[PDB]
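Participant: Attaching a single structure in structure tokens format; questions to follow.
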Amino acid sequence: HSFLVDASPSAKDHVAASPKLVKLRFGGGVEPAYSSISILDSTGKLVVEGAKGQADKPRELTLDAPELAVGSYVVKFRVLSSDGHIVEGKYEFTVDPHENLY
Ligand SMILES: [Cl-]
Ligand SMILES: [Cu+2]
Numbered sequence: 023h024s025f026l027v028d029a030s031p032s033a034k035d036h037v038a039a040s041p042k043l044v045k046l047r048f049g050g051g052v053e054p055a056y057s058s059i060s061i062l063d064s065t066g067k068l069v070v071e072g073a074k075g076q077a078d079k080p081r082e083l084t085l086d087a088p089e090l091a092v093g094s095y096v097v098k099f100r101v102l103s104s105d106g107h108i109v110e111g112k113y114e115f116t117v118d119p120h121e122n123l124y
């Protein structure tokens, strides 16, 4: 099992602006073409799903995010580990305002 070992943003982080991407790092290889990352908004609506990786960094995945409105989000993931085992997980982060919102 390739468990999550690091993330950006990570669980319970507040970020000052919308993240350009979500970056996940696992404890073993994952297969990007058979892995999924999703961002959910604070109502649980699907904002974006996907996953990309680079062959020389088998333990990492990224997801390009659209511009995220201020508020809380959940990142969920469901990855296929290189040892053949599926891993799911999820965590929350918050986009704080960095200026007044109109
Ligand atoms: Cl590895
Ligand atoms: Cu395993």
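Whatever position you read off the sequence shown (first residue = 1), add 22 for PDB author numbering. We put the beta carbon where it would ideally sit given N, CA and C, even for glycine.
#1: Give me, in chain order, the residues of the same chain whose beta-carbon lies closer than 7 Å to that of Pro54; leave out the 5 immediate sequence neighbours on both sides.
#2: Along the chain, where does the beta strand (DSSP E) that runs through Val27 open and close?
#3: With distances taken from CA atoms, which of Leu90, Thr116, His23, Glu121 is nearest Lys34?
#4: What are the residues that DSSP puts in a beta bridge with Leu68?
#5: Out of curiosity, what's the CA-to-CA distance linking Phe99 and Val92?
Facilitator: This is what the structure gives:
#1: As a first step, residue 54 must be located in the sequence shown, where it is residue number 32. So the qualifying residues of the chain are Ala73, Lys74, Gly75, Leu83.
#2: Sequence index remark: in the sequence shown, residue 27 carries index 5 (1-based). From DSSP, the beta strand (DSSP E) with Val27 extends over 26-30.
#3: For the purposes of this step, residue 34 is taken as the residue at position 12 of the sequence shown. Checking every option, the nearest Cα to that of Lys34 belongs to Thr116.
#4: Position 46 of the sequence shown holds residue 68. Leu62.
#5: If you number the sequence shown from 1, residue 99 lands on position 77. If you number the sequence shown from 1, residue 92 lands on position 70. So the alpha carbons of these two residues sit roughly 22 Å apart.
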